[PDB]
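Colleague: let me start by giving you these chains from the complex, positioned as in the assembled structure:
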Amino acid sequence: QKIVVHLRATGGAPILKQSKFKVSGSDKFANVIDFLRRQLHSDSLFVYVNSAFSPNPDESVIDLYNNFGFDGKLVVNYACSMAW
């Protein structure tokens, strides 16, 4: 099984011309980390994936904004199914 992997630059990191790849699902994530390390010429890159979670209803909006907001706003997603 081949998985489509899209590399997304954040925090002002260099944008790669070739950001879309197809890789074997059995491949270890070390391969992705190593590819980026080589493309950007750095051994200390931040390589991460987003993870969804349902915020505590009792938490204030300002706190969630301070811990998860970006570019002046807090993005709140909503869905029927988490598997699209």
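Modeller: Noted; the coordinates are in hand. Residues are numbered from 1 along each chain as shown, chains lettered A, B, ... in the order given.

Colleague: gap between the residue most central in space within chain A and residue A:17?
Modeller: For chain A, the residue nearest the mean C-alpha position is residue A:49 (3.5 Å; CA atoms, centre = their mean). Applying CB to CB, to the nearest Å, the value for residue A:49 to residue A:17 is 22 Å. In short, each C-beta sits where N, CA and C put it, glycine included.

Colleague: burial of residue A:21, as a residue count?
Modeller: 13 (other CB atoms under 10 Å).

Colleague: part of a strand, is it?
Modeller: Yes: judged by DSSP: H, G, I helix; E, B strand; the rest coil, residue A:21 forms part of a strand.

Colleague: list the contacts for it?
Modeller: A:4, A:5, A:6, A:7 (CB atoms under 8 Å, 6 or more residues apart in numbering).

Colleague: any quick PyMOL command for the buried ones out of those residues?
Modeller: Typed into PyMOL, the line below selects the buried ones among the contacts of residue A:21, using 16 or more other CB atoms under 10 Å:
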select buried, chain A and resi 7
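
Colleague: between the contacts of residue A:21, which sits nearest residue A:40?
Modeller: For the contacts of residue A:21, the residue nearest residue A:40 by CB to CB is residue A:7; the value is 10.3 Å.

Colleague: could you also fit chain B onto it:
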Amino acid sequence: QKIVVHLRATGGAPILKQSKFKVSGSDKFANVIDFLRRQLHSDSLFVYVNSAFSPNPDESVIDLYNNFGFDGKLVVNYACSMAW
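Modeller: Below is chain B, added to the chains above:
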């Protein structure tokens, strides 16, 4: 203080014409949850925010994709210095 909240529909949920709102930071997140459940007629809507984590080198691409993949792909964010 007012916080801009960007509501985004995913996973089959109905899209709102105006999904951008100003909410008092002092309000509990419960107000956002209740707004969505009320306006979209569903008690079981997933209301989530995105967090982030760096996968371990030995993790397989397939598992990362099955666990956190989005719209037919695994999005890998990278930065030389982090900013949400």
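
Colleague: please look at the neighbour count of residue A:21 again, because chain B has been put in.
Modeller: Residues within reach of residue A:21, counting by other CB atoms under 10 Å in any protein chain shown, total 15.

Colleague: can you check the one 3 residues further on too?
Modeller: Burial of residue A:24, expressed as a neighbour count using other CB under 10 Å, amounts to 13.

Colleague: scan chain A for its longest helix.
Modeller: helix A:30-40 (DSSP state H).

Colleague: quick one: the residue nearest to the centre of chain A and residue B:52 touch, right?
Modeller: Yes: the criterion here is CB atoms under 8 Å, and residue A:49 meets it with residue B:52 at 6.9 Å.

Colleague: so which elements touch the helix or strand encompassing residue A:64?
Modeller: Per DSSP states H and E, residue A:64 falls inside helix A:61-68. Secondary-structure packing of helix A:61-68 (3 or more CB pairs under 8 Å, 6 or more residues apart in numbering or on different chains; DSSP states H and E): strand A:74-79, strand B:2-10, strand B:46-53.

Colleague: right, and those - which one's nearest residue A:60?
Modeller: strand B:2-10 (9.5 Å).

Colleague: tell me the angle that closest one makes with helix B:30-39.
Modeller: 40 degrees (axes from the mean of the first three to the mean of the last three CA atoms, to 10 degrees).

Colleague: for strand B:2-10, give me every contacting residue.
Modeller: Strand B:2-10 is contacted by residues A:61-62, A:65, A:69, A:72-79, A:84, B:15-16, B:19-25, B:32, B:36 when judged by CB atoms under 8 Å, 6 or more residues apart in numbering or on different chains.
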